[PDB]
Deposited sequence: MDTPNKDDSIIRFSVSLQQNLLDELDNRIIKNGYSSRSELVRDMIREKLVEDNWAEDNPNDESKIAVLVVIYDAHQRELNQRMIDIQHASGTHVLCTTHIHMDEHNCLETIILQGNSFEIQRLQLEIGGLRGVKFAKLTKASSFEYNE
């Protein structure tokens, strides 16, 4: 528990929450298109063509990208939170395509469900 959680049943509640959202994604109509996720990306701020490729990829997915918020971290690094909505397949496709771009140093998905 000591990054230091506060008590006994505090690390476990946090686990049941992302267990329950993770069980949601597994057994829910593969083809349900309202699921939403956050893709967190850190990338080289001056990799030729990288930003344009990421834009192109997001625009070709269209309806599946709600917005992106970008932080200029420093001279070398940008962080983006890209908010996605679609089925599991469309969301994983997008994560993988952005993850496989030269200059992307980090591309991690957080799955979010409605309650």
Residues of the deposited chain that carry no C-alpha coordinates are 1 to 28, 31, 145 to 148
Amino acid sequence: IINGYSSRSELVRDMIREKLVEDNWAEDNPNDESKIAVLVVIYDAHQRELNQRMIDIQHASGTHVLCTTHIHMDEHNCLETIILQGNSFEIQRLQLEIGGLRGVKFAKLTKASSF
From here on, numbers count along this sequence of modelled residues.
Higher avg CA temperature factor (74 to 82 vs 47 to 55, as deposited) belongs to 47 to 55
Comparing mean C-alpha B factor in the record for 9 to 17 and 87 to 95, the higher one is 9 to 17
Among the modelled residues of its chain, the C-alpha B-factor of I36 falls in the third labelled middle
